[PDB]
Amino acid sequence: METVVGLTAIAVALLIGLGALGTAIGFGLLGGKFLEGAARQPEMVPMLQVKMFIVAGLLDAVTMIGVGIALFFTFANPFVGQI
Amino acid sequence: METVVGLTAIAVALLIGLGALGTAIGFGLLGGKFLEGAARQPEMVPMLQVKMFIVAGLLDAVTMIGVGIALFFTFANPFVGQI
Amino acid sequence: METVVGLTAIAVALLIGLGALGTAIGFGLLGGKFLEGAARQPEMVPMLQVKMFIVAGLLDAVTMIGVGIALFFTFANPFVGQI
Amino acid sequence: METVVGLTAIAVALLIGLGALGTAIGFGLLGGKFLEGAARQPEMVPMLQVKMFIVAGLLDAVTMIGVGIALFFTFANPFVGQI
Amino acid sequence: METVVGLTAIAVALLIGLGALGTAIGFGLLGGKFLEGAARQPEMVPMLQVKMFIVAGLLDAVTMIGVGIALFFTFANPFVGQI
Amino acid sequence: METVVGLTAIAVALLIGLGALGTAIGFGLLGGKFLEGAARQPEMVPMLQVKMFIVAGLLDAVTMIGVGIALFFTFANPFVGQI
Amino acid sequence: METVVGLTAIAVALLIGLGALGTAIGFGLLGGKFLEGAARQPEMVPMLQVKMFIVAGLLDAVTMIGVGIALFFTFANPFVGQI
Amino acid sequence: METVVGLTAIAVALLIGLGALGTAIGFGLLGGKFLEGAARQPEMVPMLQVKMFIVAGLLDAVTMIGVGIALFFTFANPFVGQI
Amino acid sequence: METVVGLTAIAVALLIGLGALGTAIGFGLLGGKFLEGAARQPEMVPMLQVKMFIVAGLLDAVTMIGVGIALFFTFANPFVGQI
Amino acid sequence: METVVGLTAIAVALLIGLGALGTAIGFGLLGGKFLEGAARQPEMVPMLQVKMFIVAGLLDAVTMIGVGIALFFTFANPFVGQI
Amino acid sequence: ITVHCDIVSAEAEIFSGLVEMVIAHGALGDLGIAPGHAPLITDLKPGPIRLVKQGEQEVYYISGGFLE
Amino acid sequence: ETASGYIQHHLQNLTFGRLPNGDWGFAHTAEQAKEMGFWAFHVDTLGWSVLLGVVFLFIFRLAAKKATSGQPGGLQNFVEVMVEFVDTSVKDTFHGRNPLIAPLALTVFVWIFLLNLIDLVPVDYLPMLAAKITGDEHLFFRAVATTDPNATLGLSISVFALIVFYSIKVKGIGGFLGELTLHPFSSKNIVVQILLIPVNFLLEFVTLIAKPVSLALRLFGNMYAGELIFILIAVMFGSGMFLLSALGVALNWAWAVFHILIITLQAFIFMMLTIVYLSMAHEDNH
Amino acid sequence: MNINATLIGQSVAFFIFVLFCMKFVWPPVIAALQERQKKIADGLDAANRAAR
Amino acid sequence: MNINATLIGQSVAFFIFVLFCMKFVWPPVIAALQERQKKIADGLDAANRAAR
């Protein structure tokens, strides 16, 4: 049993860690271009915020599935019940 | 039994984690250029939105395959039957 | 018997996962410049769109071999017969 | 107990190491653009500053969920209870 | 034979996975410059498209060797013949 | 017990290493833009330098949380107590 | 002997895969600049194409050494001899 | 005893190798902008040089902590004393 | 010396593989700027080519030491002699 | 004893392998802006060349420490004496 | 130390002589120009140019133009 | 004694607990201290934190009492530079009229700076003098207050109470809950809005809770690493060897000079983030 | 490391200190700075009144 | 462990840090407040010259 439970602890760290790494870099790129556009055209700021959020919805789609499944593997375990 | 079941949690974590990392970084690059284009020509934004969604389909295509195979490996695991 | 089945589950995760990671970043780069070009030259978008699909065929070429071999290894394993 | 506990030190180190990796690179991207906007437009600094702090909370959110679950695996253990 | 066979599946997954990762990122870089050139000078497209295929031959050269060695290690095995 | 001690040494190294990697690449991005902004006009170098130190607090935050927990693992050990 | 063989299958996969990854990304950066230069100065293409092949000889210099050693470890084996 | 001694030699390679990787890329990013800014304003070089060395001390801050903990682990050993 | 011999095959793959990866990406960046400068001002090519070879010496300096050590561990072996 | 020596060969490959990877990418980022500065300010290239060597010593500071320790581990291994 | 600077219009000159530093509102962000700056051609914004002269200071309003 | 024992001793606080023997009781070993519940207090951490707060208040109040109106006294000149620097930092970050942000920011900056300042003196001077004065050669004692997570958490939780209070005071309870559920994603129809309220809460609540947790750990990390790196440098001299002691003194000086940057930056950054976080509880960004 | 009620004592001391300094540390110094501001402003206006 | 030698070595480092402080760190910050002290006197005097 202990190898399945121990490998599940690493699976959870791998699910959340890669999603944290990806979203932090993704928002550095997206938000960096929002500040660039806001600096050149300060009149466009109220419109651009809305457009940035559209992309943020696509950027967080898979990461939320990943952290949701990671929490599921800590409070429940579909592998431990299969041995 | 336990090694096949335990290594399938790592396989599921890699299928979703690597996909999440790529999709989050990919949309940061794509959306960042969309906001630059929207700031440059605000009259073309309705057209740039539909063109962005054409690319969004190509960008997430293999990621959707990987999260569909990871939810298949999680419920009714195909490797348990082979042993 | 179990070690080959355990290691082949991770081999399938490397084939789909590294392919998903690379293609999602590749289309973020390719598509970002497609939207920038379309935002710069609104009348050229129907010409740039066909050129993007010619490049999409090169970008996903090796990735389609990765997912093809991964699904082959999942259902008709060629390594389990060599032990 | 020895394998589950020794593999939890590696789990904790991947949760805070990948979070530290991504947020330091992300704030280098976001901040590198805030300093350029502050140089291009001296009068926009207070507006660019408040807009940078909106994105800064989005950038570290998932990393802080990983720093927090890592601290929880460091002073408590949901796996050892799984004997 | 069991560990040599189990490690051959990972070896094949690395050969095709690292090849797919590099080729997808490589065409994202080369492709973005072709679209930038096509947008700047639409009269140059016939020449730029031929020069892109000359570069595509250099870019995929080692990736195709990797896919060839991976297919060789899939339908045959030089390690298993050594016991 | 030796597996717990040995995997804690790798935990310390991943926890300090991925943080040192993130801090060095993150400040190379932030610092590079500070010098470019300083080159645009030297009268604002003191103002920009004050803004850089404010962002350094966001960038080097999680990297120091890892250095703190790692230095708590280089001598003391909360995992040894768990048996 | 079975370990000495099986680890050479992974050594060959790293040696060709990391070479394929670097060469594929490297030509995307070099080739993307060749298309940019060719669109700017069409009359200089005969000279730029020859200069690209000078750089291509330096870019692949170490990758071809890696492929040569990887084929040497595949059809011959200075490790199986335990020498 | 031997497992801790062997895994700490690799812990020293991760501490110095990940710090070497980050410090070499971080100075390529910071120094590329210092030479670009020195070409922009060759009369301001003395000022930009001091601002560059101030940031250089921020890059080699966590890397020197890791190069100092890694020399501690080669000439003394805090893990071996724990048996 | 199965352990010493085996793990040495991996060591050689890491030495030449990481060196090939860095050298191929490094020349993609250096060479991309050489073609840009050559297209920007064609009369500077005689100087720019010599300046590229000065940087190429610094770029490959550590990679060539890594390849030298990799061929030393392949035909001779210090680890097998130490026992 | 073999596990200490075998893992030491991999520690050595990680010390110089990660150093080669970071210095080659770092000199491509640094050298790429040097050629651009020389193309924009051709009469100032002697100054730009002198300014570049000040960054080269800082870019190679932690990487040469890794190379020095790697040679030390190969000819005077400090872990074999730790029983 | 001192760079030659001339403010010129289609109808008549506005300023001339040597200066120490020039501050102008360019098309993509403000600029601080000093002796020895690299070749730069740039569209200006409607706004003022401040010319530092060996220590005294001069200010002139402008309605647009090109900074060479 | 072994070096592991010296390091293990320095990493322990002076905990006070109600042991059955009598009304007042103190922990005598690391395990016995770890067995005490949350309802125990670190005598050393609190002693240094209240004392330095009173020392700062006393030197500032002596000057505030003797306000010359015109030309300031030698100490008053420094107090005014600090009041002007904080007022400037506040006016540049916050445009409201609330009088509580500037006194809070000055307190946060000067107090945290002094809590960190006691780290520059040799790490075992104070513990040895405290042990000799108390008459117990084996007393656990730590001078630097910010190297205890509890001290940094007390600062951030105190700031977070003010952030939630002002947000509710100006936006109203229904408005505050509204910002946590109606933004940033919104729609023209209720059928879509009900699908967006969990997404809005998932973004806002996570980004709200990360402020108090990051503030504490951001301050604790650099300082705890500073104290422990000084302890590792302190052990180097314990060998008695000439060349190794020569390396130790050179590293101690280089680390101490580098730490003059860290002590200043952590106090300044916690102040700026306090001002920034409070200023965005009086404004709306959707 | 070990979790204790130590944060309470420091937080309670801080809340009382933050309320005290706002009434006995900031008001005397800000008033002494506002007086000088007023004196510089009216002193410069005095020259404009004399010139008019 | 030579405890006394550690106290002397650390005291030497602390003395060198204070020597370095008096040589470079301390002179500018103590002088800046004294220059501000002069600037305040000169400003208010100028306002009083205008008042006369």
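Residues numbered from 1 in each chain as written, not as in the entry; some residues may be left out. Chains lettered and ligands numbered in written order. Part of a larger assembly, values for the part shown. Heavy atoms only, no water. Residues with missing side-chain atoms left out of burial classes, pairs and counts.

As documented in the archive entry, the model was determined using cryo-EM at 3.02 Å resolution.

### Description of the overall build of chain M
This is how it is decided: By definition, any uninterrupted DSSP run of H or I lasting at least four residues is a helix, any uninterrupted run of E lasting at least two residues is a strand, and each is numbered from the N terminus. Remark: exposure states derive from per-residue accessible area (1.4 Å probe, protein chains only) relative to the maximum for the residue type, with buried under 20%, exposed over 50%, and partly exposed in between. Per-residue accessibility takes into account occlusion by the displayed protein chains alone, with areas from the Shrake-Rupley method and a 1.4 Å probe.
Broken down by element type, chain M carries two helices and zero strands. Taking the principal axes of the C-alpha coordinates as reference, chain M spans close to 70 × 20 × 10 Å. Buried residues in chain M amount to 38% of all 52 residues. In the structure as shown, chain M presents an accessible area of about 3,100 Å², 67% of it carried by carbon and sulfur atoms.

### Structural notes on the arrangement of the chains
Heads up, the rule is: We call two residues in contact whenever any of their non-hydrogen atoms come within 4.5 Å of each other.
With no contact between them, chain B and chain L keep their nearest C-alpha atoms 16 Å apart. Across the gap from chain G to chain L, with no contact made, the nearest C-alpha atoms are 35 Å apart.

### What about a nonpolar patch on the surface?
Applicable threshold: Nonpolar side chains (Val, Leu, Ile, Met, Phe, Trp, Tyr) within 5 Å and like charges within 9 Å form the patches, drawn only from residues with over 30% relative accessible area and no salt bridge. Salt bridges are counted wherever a side-chain nitrogen of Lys or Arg sits within 4 Å of a carboxyl oxygen of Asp or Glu.
On the surface, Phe38 and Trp39 of chain L together with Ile3, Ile8, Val12, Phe15 and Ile16 of chain M cluster together to form a nonpolar patch covering roughly 700 Å² of accessible area. When you line up the elements, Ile8 of chain M lands in helix 1 (residues 6-24).

### Topic: the interface of chain L and chain M
As a reminder, the rule being used: What counts as buried area is the accessible surface, traced by a 1.4 Å probe, that two parts surrender upon association, with contributions from both included. Any pair of nitrogen or oxygen atoms within 3.5 Å is treated as a polar contact; in protein, a donor-acceptor pairing is required on top of that, and neighbouring residues in sequence qualify only through side-chain atoms on both sides.
Contact residues are listed per partner, giving 52 residues for chain L and 28 residues for chain M. Buried area between chain L and chain M, both sides added, is near 3,500 Å², and the carbon and sulfur share of it is 73%. Counting the contacts that link chain L with chain M gives one salt bridge. A salt bridge links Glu80 of chain L to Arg36 of chain M, with the nearest nitrogen and oxygen atoms 2.7 Å apart. Here chain L and chain M share twelve residue pairs in polar contact between them.

### Considering helix 2 (residues 45-75) of chain D
All names here are of chain D. Here is the rule we go by: The span one expects for a helix is its residue count, reduced by one, times 1.5 Å. One fitted axis covers the seven residues ending at a residue, a second covers the seven starting there, and the bend at that residue is the angle between these axes.
Here helix 2 spans 42 Å end to end across 31 residues, near enough to the 45 Å set by a 1.5 Å rise per residue. Taken as a whole, helix 2 carries its principal kink of about 40° at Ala61. Of all 31 residues in helix 2, 22 are buried; the element is thus mostly enclosed.

### Some remarks on the packing of helix 2 (residues 45-59) of chain F against helix 10 (residues 242-279) of chain L
Short version of the rule: Only the contacting stretch of a helix is used when fitting its axis, a line to C-alpha atoms as for every element, and angles between N-to-C directions run 0 to 180 degrees. Roughly parallel covers angles under 35 degrees, roughly antiparallel covers those over 145, roughly perpendicular covers 65 to 115, and oblique covers all other angles. Any residue that is not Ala, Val, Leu, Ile, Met, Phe, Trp, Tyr, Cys, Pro, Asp, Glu, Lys or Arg is counted as polar, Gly included; the first ten are nonpolar and the last four charged.
Between helix 2 of chain F and helix 10 of chain L, whose axes approach to 10 Å, the crossing angle comes to 90°. Taken together, helix 2 of chain F and helix 10 of chain L sit at an angle that is classed as roughly perpendicular. Contact with helix 2 of chain F, carried on its side by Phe53, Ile54, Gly57 and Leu58 of chain F, involves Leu265, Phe268, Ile269, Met272 and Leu273 of chain L of helix 10 of chain L and no other residues of that element. In terms of residue class, the contact of helix 2 of chain F with helix 10 of chain L is built from eight nonpolar, one polar and no charged.

### With respect to the interface of chain F and chain D
Opposite the 43 residues of chain F that make contact, chain D presents 49 residues. Together chain F and chain D conceal approximately 3,600 Å² of surface at their shared face, both sides included; 80% is due to carbon and sulfur atoms. By the criterion of area lost to chain D, the three top residues of chain F are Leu58, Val62 and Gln82 of chain F, representing 17% of everything that side buries. Between the two partners, chain F and chain D, sit zero salt bridges. Inspection of the region where chain F meets chain D yields one residue pair in polar contact. If you list the elements that add at least two residues to the side of chain F that touches chain D, you get helix 1 (2-40), helix 2 and helix 3 (61-73) of chain F. Class assignment for the residues of the side of chain F that touches chain D results in 29 nonpolar, eleven polar and three charged.

### Overview of the environment of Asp60 of chain C
Residues and elements named next belong to chain C. Among the secondary structure elements, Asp60 is positioned in the loop between helix 2 (45-59) and helix 3 (61-75). Considered as a pair, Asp60 and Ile16 are 44 residues apart in the sequence and their alpha carbons are 12 Å apart. Setting aside residues up to four positions removed in sequence, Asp60 forms contacts with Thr23 and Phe27.

### Here's the deal with the packing of aromatic side chains
Selection rule: We call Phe, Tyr and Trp rings a pair once their centres come within 6.5 Å, taking the six-membered ring for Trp, and we label the pair stacked below 30 degrees between planes, edge-to-face above 60, and tilted otherwise. Charge-over-ring placement is defined geometrically: NZ (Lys) or CZ (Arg) within 6 Å of the ring centre, and within 35 degrees of the ring normal.
What the rule picks out here adds up to 49 aromatic pairs over all chains. When the centroid spacing of 5.1 Å and the interplanar angle of 50° are considered together, the rings of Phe16 of chain L and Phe26 of chain L count as tilted. Residue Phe16 of chain L is found in strand 1 (residues 15-16), and its partner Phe26 of chain L is found in the loop between strand 1 and helix 2 (30-35); the two are separated by ten residues along the sequence. Owing to a relative accessible area of 31%, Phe26 of chain L belongs among the partly exposed residues under this scheme. Taken together, the ring pairs connect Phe72, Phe73 and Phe79 of chain B together with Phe75 of chain C into an aromatic cluster. In this structure, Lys211 of chain L is placed above the aromatic ring of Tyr277 of chain L, and the distance from its NZ or CZ to the ring centre is 4.7 Å.

### Topic: the UniProt feature "transmembrane region" in chain L
All names here are of chain L. Keep this limit in mind: UniProt positions are given in the numbering used here, feature names are shortened, and annotations may be inferred rather than shown by experiment.
As recorded in UniProt, the feature "transmembrane region" lies at residues 40-60, 101-121, 157-177, 190-210, 229-249 and 256-276. Across residues 157-177, helical content stands at 95% and strand content at 0%; the span's end C-alpha atoms are separated by 20 Å. The straight-line gap between the two end C-alpha atoms of residues 256-276 is 30 Å; of that span, 100% is helix and 0% is strand.

### Some thoughts on the UniProt feature "transmembrane region" in chain M
UniProt tags residues 12-32 of chain M as "transmembrane region". Segment residues 12-32 of chain M splits into 95% helix and 0% strand. End C-alpha atoms: 30 Å apart.

### Considering the pairing of strand 8 (residues 47-52) of chain K
All names here are of chain K. Threshold: A pair of strands is treated as paired once DSSP finds two or more bridges between them.
The pairing of strand 5 (residues 21-24) with strand 8 spans three bridges and is classified as antiparallel. When the sheet's bridge partners are listed, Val22 is paired in strand 8 with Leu51. With six bridges connecting them, strand 8 and strand 9 (residues 57-62) associate as antiparallel partners. When the sheet's bridge partners are listed, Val52 is paired in strand 9 with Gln57.

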